[PDB]
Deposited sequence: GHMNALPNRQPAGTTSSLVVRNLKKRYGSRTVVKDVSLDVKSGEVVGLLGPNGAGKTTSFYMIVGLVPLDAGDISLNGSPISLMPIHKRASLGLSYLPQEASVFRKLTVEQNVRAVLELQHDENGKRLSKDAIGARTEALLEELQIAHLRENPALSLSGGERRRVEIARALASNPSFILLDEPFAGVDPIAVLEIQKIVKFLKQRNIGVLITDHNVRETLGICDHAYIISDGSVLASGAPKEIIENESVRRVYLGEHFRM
């Protein structure tokens, strides 16, 4: 899909059970390039399983997911990423004791053109990602010396080395200090303006709604409501089930 064009992620009628125990009955949603979409709702009522079904870590019992008109419903996580659907798992045990430059370089060493990249083109790509994420100053830092903010910028660099159309952020706000909220908002804004669509699931409603273009409230394994934040907040059923009366 050309640099300025709108990729599409289309999710229809997701369904999942374990013991039945039907955790997701029917969830449909859409995400376009440059759009930030929130996947919210009561803890355990299906937003999380829905989210993981779209990452590809939870296999569908029914439904369909298509990325630019091609189905990916059955592809595992790593193959969806090759097609430009990237998951950010927050963790730095993957970084071990390698430097920031080393971690970004290592992901580019797996890319293909359609052959291997030269050591020179890997070097140039590395520099361009560091400078774009404003972490060039962190290039020689061990992964243990990095803040949560710095770590996330590095994972973004890693993800951008695959040229994704969509990035899935798993509870980025869980347990983080209010000073860190700014950092996250800026990273999301940055993805927006690079024409990458963002799907966020979180428990932190105020933080998530504040940066979303569209949100889906998942209750009782289904979509209770969907809309721009302002419409979501004024929805009577969302207020009765999830938000409460003065939010």
property: In sequence order, the deposited-sequence ranges that have no modelled C-alpha atom; result: 1-9, 123-124, 259-260
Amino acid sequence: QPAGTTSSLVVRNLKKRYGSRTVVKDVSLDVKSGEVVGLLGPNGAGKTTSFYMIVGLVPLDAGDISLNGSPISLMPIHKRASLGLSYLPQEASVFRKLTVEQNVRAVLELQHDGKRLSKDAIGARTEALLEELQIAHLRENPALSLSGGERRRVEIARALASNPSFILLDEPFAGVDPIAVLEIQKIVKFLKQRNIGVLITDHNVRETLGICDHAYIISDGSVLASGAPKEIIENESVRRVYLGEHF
From here on, numbers count along this sequence of modelled residues.
query	finding
Between the two ranges 46-54 and 185-193, the one averaging a larger CA B factor in the entry	185-193
Between 94-102 and 112-120 (mean CA B-factor, as deposited), the higher	112-120
Out of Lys79, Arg158, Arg152, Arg125, highest CA B-factor residue	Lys79
Among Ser162, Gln134, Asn141, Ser165 - the residue whose C-alpha B-factor is largest in the record	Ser162
Modelled-residue ranking by C-alpha temperature factor, third containing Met75	highest
Third of chain Cα B-factors occupied by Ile232	highest
B-factor third for the C-alpha atom of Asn204 within its chain	highest
